[PDB]
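Enquirer: File entry-v6.cif follows (mmCIF, C-alpha atoms):
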data_data
loop_
_atom_site.group_PDB
_atom_site.id
_atom_site.type_symbol
_atom_site.label_atom_id
_atom_site.label_comp_id
_atom_site.auth_asym_id
_atom_site.auth_seq_id
_atom_site.Cartn_x
_atom_site.Cartn_y
_atom_site.Cartn_z
ATOM 1 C CA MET A 1 16.671 31.077 17.933
ATOM 2 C CA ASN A 2 15.934 28.949 14.806
ATOM 3 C CA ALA A 3 13.863 29.093 11.600
ATOM 4 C CA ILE A 4 11.028 26.976 13.108
ATOM 5 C CA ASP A 5 10.811 29.374 16.132
ATOM 6 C CA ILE A 6 10.918 32.622 14.093
ATOM 7 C CA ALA A 7 8.108 31.194 11.890
ATOM 8 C CA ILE A 8 6.013 30.703 15.121
ATOM 9 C CA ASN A 9 6.696 34.396 15.984
ATOM 10 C CA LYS A 10 5.931 35.569 12.391
ATOM 11 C CA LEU A 11 2.597 33.686 11.990
ATOM 12 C CA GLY A 12 1.787 34.525 15.659
ATOM 13 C CA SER A 13 1.373 30.868 16.873
ATOM 14 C CA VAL A 14 2.211 27.142 16.455
ATOM 15 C CA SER A 15 -1.451 26.333 15.605
ATOM 16 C CA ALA A 16 -1.252 28.861 12.699
ATOM 17 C CA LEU A 17 2.268 27.575 11.784
ATOM 18 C CA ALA A 18 1.307 23.859 11.829
ATOM 19 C CA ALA A 19 -1.948 24.541 9.889
ATOM 20 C CA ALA A 20 0.212 26.267 7.196
ATOM 21 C CA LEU A 21 2.900 23.495 7.187
ATOM 22 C CA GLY A 22 0.257 20.697 7.192
ATOM 23 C CA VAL A 23 1.419 19.098 10.492
ATOM 24 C CA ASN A 24 0.214 19.130 14.174
ATOM 25 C CA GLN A 25 1.213 21.548 16.987
ATOM 26 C CA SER A 26 3.451 18.827 18.536
ATOM 27 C CA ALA A 27 5.431 18.283 15.237
ATOM 28 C CA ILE A 28 6.457 21.991 15.316
ATOM 29 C CA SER A 29 7.617 21.648 18.960
ATOM 30 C CA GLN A 30 9.745 18.580 17.971
ATOM 31 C CA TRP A 31 11.202 20.460 14.908
ATOM 32 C CA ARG A 32 12.101 23.567 16.983
ATOM 33 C CA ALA A 33 13.794 21.452 19.694
ATOM 34 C CA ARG A 34 15.414 19.340 16.903
ATOM 35 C CA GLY A 35 16.825 22.520 15.271
ATOM 36 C CA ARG A 36 15.847 21.266 11.765
ATOM 37 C CA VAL A 37 12.766 20.089 9.785
ATOM 38 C CA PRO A 38 12.137 16.933 7.566
ATOM 39 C CA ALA A 39 12.848 17.005 3.791
ATOM 40 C CA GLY A 40 10.525 19.445 1.924
ATOM 41 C CA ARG A 41 9.123 21.906 4.531
ATOM 42 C CA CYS A 42 11.921 24.433 5.282
ATOM 43 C CA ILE A 43 10.791 26.206 2.055
ATOM 44 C CA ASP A 44 7.582 27.384 3.764
ATOM 45 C CA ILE A 45 9.282 28.230 7.108
ATOM 46 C CA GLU A 46 11.970 30.151 5.092
ATOM 47 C CA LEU A 47 9.194 32.362 3.607
ATOM 48 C CA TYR A 48 8.341 33.356 7.224
ATOM 49 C CA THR A 49 12.080 33.671 8.259
ATOM 50 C CA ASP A 50 13.163 35.180 4.876
ATOM 51 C CA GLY A 51 15.611 37.842 6.239
ATOM 52 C CA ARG A 52 15.390 36.946 9.968
ATOM 53 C CA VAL A 53 17.289 33.601 9.977
ATOM 54 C CA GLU A 54 18.410 31.204 7.173
ATOM 55 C CA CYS A 55 16.352 27.964 7.242
ATOM 56 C CA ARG A 56 17.555 24.341 6.650
ATOM 57 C CA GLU A 57 15.752 20.972 6.060
ATOM 58 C CA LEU A 58 17.057 17.394 5.960
ATOM 59 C CA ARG A 59 17.866 15.882 2.532
ATOM 60 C CA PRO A 60 15.596 13.018 1.140
ATOM 61 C CA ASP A 61 16.169 9.711 2.983
ATOM 62 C CA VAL A 62 13.480 7.337 1.597
ATOM 63 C CA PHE A 63 11.680 9.876 -0.697
ATOM 64 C CA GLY A 64 10.471 7.466 -3.405
ATOM 65 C CA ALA A 65 11.426 5.827 -6.751
#
Before we go any further, please render this structure as structure tokens.
Expert:
Amino acid sequence: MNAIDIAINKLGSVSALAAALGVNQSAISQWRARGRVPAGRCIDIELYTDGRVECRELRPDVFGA
């Protein structure tokens, strides 16, 4: 059980989830098996896992500036 997984359950699929997150179906599978998402995406997943499971993303590595 993780945020990425519960967001699959909530939206009903990984194709729906990945379309919403702006990634591919494979990226979701990596993130779920990784147990975390890249910087700036957990926000959306945490909408779908709001009171089910607390979500966490990585902090900015390269980012910019």
Enquirer: As a check of understanding, name the residues that the PyMOL selection byres ((chain A and resi 32) around 8) selects in the supplied structure, as a PyMOL selection string.
Expert: chain A and resi 2-5+28-31+33-36
Enquirer: Could you take the residues named above and write them with C-alpha atoms, as an mmCIF file, in the coordinates of the input?
Expert:
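Written file, out_30.cif:
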data_model
loop_
_atom_site.group_PDB
_atom_site.id
_atom_site.type_symbol
_atom_site.label_atom_id
_atom_site.label_comp_id
_atom_site.auth_asym_id
_atom_site.auth_seq_id
_atom_site.Cartn_x
_atom_site.Cartn_y
_atom_site.Cartn_z
ATOM 1 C CA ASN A 2 15.934 28.949 14.806
ATOM 2 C CA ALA A 3 13.863 29.093 11.600
ATOM 3 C CA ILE A 4 11.028 26.976 13.108
ATOM 4 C CA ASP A 5 10.811 29.374 16.132
ATOM 5 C CA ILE A 28 6.457 21.991 15.316
ATOM 6 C CA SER A 29 7.617 21.648 18.960
ATOM 7 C CA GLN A 30 9.745 18.580 17.971
ATOM 8 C CA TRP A 31 11.202 20.460 14.908
ATOM 9 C CA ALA A 33 13.794 21.452 19.694
ATOM 10 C CA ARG A 34 15.414 19.340 16.903
ATOM 11 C CA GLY A 35 16.825 22.520 15.271
ATOM 12 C CA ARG A 36 15.847 21.266 11.765
#
Enquirer: Go through A:14, A:53, A:7, A:39 and flag the residue nearest residue 27 (chain A), using only C-alpha atoms for the distances.
Expert: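 Checking each candidate against residue 27 (chain A), we get A:14 as the closest.
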Enquirer: Hey, can you check how far CA of residue 10 (chain A) sits from CA of residue 48 (chain A)?
Expert: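 Answer for the CA of residue 10 (chain A) to CA of residue 48 (chain A) separation: 6.1 Å.
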Enquirer: Axis-aligned box over every listed atom of region 47-53 of chain A, padded by 6 Å per side: centre and edges in Å to one decimal, as AutoDock Vina command-line options?
Expert:
--center_x 12.8 --center_y 35.1 --center_z 6.8 --size_x 20.9 --size_y 17.5 --size_z 18.4
Enquirer: Check the smallest atom-to-atom distance from each of A:11, A:17, A:23, A:55 to residue 43 (chain A) using only C-alpha atoms, then report the winner.
Expert: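 Among the listed residues, the smallest separation from residue 43 (chain A) belongs to A:55.
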Enquirer: Find the distance between CA of residue 46 (chain A) and CA of residue 13 (chain A) and write it in Å to one decimal.
Expert: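 Calculated distance between CA of residue 46 (chain A) and CA of residue 13 (chain A) is 15.9 Å.
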Enquirer: A:6, A:19, A:62, A:24: which is nearest residue 45 (chain A), counting all atoms listed in the file?
Expert: A:6
Enquirer: Could you check how far CA of residue 65 (chain A) sits from CA of residue 41 (chain A), in Å to one decimal?
Expert: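 Spanning CA of residue 65 (chain A) to CA of residue 41 (chain A) is a straight-line distance of 19.8 Å.
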Enquirer: Which is closest to residue 37 (chain A) among A:1, A:52, A:16, A:21, if we use all atoms listed in the file?
Expert: A:21
Enquirer: So that I can check the surroundings of residue 63 (chain A), please list as a PyMOL selection string every protein, DNA and RNA residue that reaches within 12 Å of it, counting all atoms listed in the file and ignoring chain neighbours fewer than 2 positions away.
Expert: chain A and resi 38-40+58-61+65
Enquirer: For the residues in that selection, give me C-alpha atoms as a PDB file, in the frame of the given file.
Expert:
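Listed below is the output, out-v2.pdb:
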ATOM      1  CA  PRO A  38      12.137  16.933   7.566  1.00  0.00           C
ATOM      2  CA  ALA A  39      12.848  17.005   3.791  1.00  0.00           C
ATOM      3  CA  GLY A  40      10.525  19.445   1.924  1.00  0.00           C
ATOM      4  CA  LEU A  58      17.057  17.394   5.960  1.00  0.00           C
ATOM      5  CA  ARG A  59      17.866  15.882   2.532  1.00  0.00           C
ATOM      6  CA  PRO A  60      15.596  13.018   1.140  1.00  0.00           C
ATOM      7  CA  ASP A  61      16.169   9.711   2.983  1.00  0.00           C
ATOM      8  CA  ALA A  65      11.426   5.827  -6.751  1.00  0.00           C
TER       9      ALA A  65
END
Enquirer: Quick one: region 24-45 of chain A with N, CA, C and O atoms, as a CSV table (one decimal), in the frame of the given file?
Expert:
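That gives us result.csv:
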chain,number,residue,atom,x,y,z
A,24,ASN,N,0.9,18.8,12.9
A,24,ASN,CA,0.2,19.1,14.2
A,24,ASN,C,1.1,20.0,15.0
A,24,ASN,O,2.3,20.2,14.7
A,25,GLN,N,0.5,20.6,16.1
A,25,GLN,CA,1.2,21.5,17.0
A,25,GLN,C,2.5,20.9,17.6
A,25,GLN,O,3.5,21.6,17.8
A,26,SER,N,2.4,19.6,17.9
A,26,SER,CA,3.5,18.8,18.5
A,26,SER,C,4.6,18.7,17.6
A,26,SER,O,5.8,18.9,18.0
A,27,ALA,N,4.4,18.4,16.3
A,27,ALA,CA,5.4,18.3,15.2
A,27,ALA,C,6.4,19.5,15.2
A,27,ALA,O,7.6,19.4,15.1
A,28,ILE,N,5.7,20.7,15.3
A,28,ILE,CA,6.5,22.0,15.3
A,28,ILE,C,7.4,22.1,16.5
A,28,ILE,O,8.5,22.5,16.4
A,29,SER,N,6.9,21.6,17.7
A,29,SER,CA,7.6,21.6,19.0
A,29,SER,C,8.8,20.7,18.9
A,29,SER,O,9.9,21.1,19.3
A,30,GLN,N,8.7,19.5,18.2
A,30,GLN,CA,9.7,18.6,18.0
A,30,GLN,C,10.8,19.2,17.0
A,30,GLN,O,12.0,19.2,17.3
A,31,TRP,N,10.3,19.9,15.9
A,31,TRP,CA,11.2,20.5,14.9
A,31,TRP,C,12.1,21.6,15.5
A,31,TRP,O,13.2,21.8,15.1
A,32,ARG,N,11.5,22.4,16.4
A,32,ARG,CA,12.1,23.6,17.0
A,32,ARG,C,13.2,23.1,18.0
A,32,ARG,O,14.3,23.6,18.0
A,33,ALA,N,12.9,22.0,18.7
A,33,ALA,CA,13.8,21.5,19.7
A,33,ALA,C,14.8,20.6,19.0
A,33,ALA,O,15.9,20.3,19.6
A,34,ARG,N,14.5,20.1,17.8
A,34,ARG,CA,15.4,19.3,16.9
A,34,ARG,C,16.4,20.3,16.2
A,34,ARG,O,17.6,19.9,16.0
A,35,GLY,N,16.0,21.5,15.9
A,35,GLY,CA,16.8,22.5,15.3
A,35,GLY,C,16.8,22.4,13.7
A,35,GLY,O,17.5,23.2,13.1
A,36,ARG,N,16.0,21.5,13.2
A,36,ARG,CA,15.8,21.3,11.8
A,36,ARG,C,14.5,20.7,11.5
A,36,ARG,O,13.8,20.1,12.4
A,37,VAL,N,14.0,20.7,10.2
A,37,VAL,CA,12.8,20.1,9.8
A,37,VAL,C,13.1,18.9,8.8
A,37,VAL,O,14.1,18.9,8.2
A,38,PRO,N,12.1,18.0,8.6
A,38,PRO,CA,12.1,16.9,7.6
A,38,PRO,C,12.2,17.5,6.1
A,38,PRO,O,12.0,18.7,5.9
A,39,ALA,N,12.6,16.6,5.2
A,39,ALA,CA,12.8,17.0,3.8
A,39,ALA,C,11.6,17.5,3.1
A,39,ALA,O,10.5,16.8,3.1
A,40,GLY,N,11.6,18.8,2.6
A,40,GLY,CA,10.5,19.4,1.9
A,40,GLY,C,9.5,20.1,2.9
A,40,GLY,O,8.4,19.6,3.0
A,41,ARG,N,10.0,21.1,3.6
A,41,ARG,CA,9.1,21.9,4.5
A,41,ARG,C,9.8,23.2,4.9
A,41,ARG,O,9.1,24.2,5.3
A,42,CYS,N,11.1,23.2,5.0
A,42,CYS,CA,11.9,24.4,5.3
A,42,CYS,C,11.6,25.6,4.3
A,42,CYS,O,11.8,26.7,4.7
A,43,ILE,N,11.2,25.2,3.1
A,43,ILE,CA,10.8,26.2,2.1
A,43,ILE,C,9.7,27.2,2.6
A,43,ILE,O,9.9,28.4,2.5
A,44,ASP,N,8.7,26.6,3.3
A,44,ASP,CA,7.6,27.4,3.8
A,44,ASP,C,8.0,28.2,5.0
A,44,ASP,O,7.8,29.4,5.0
A,45,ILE,N,8.7,27.6,5.9
A,45,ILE,CA,9.3,28.2,7.1
A,45,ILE,C,10.2,29.4,6.7
A,45,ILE,O,10.3,30.4,7.3
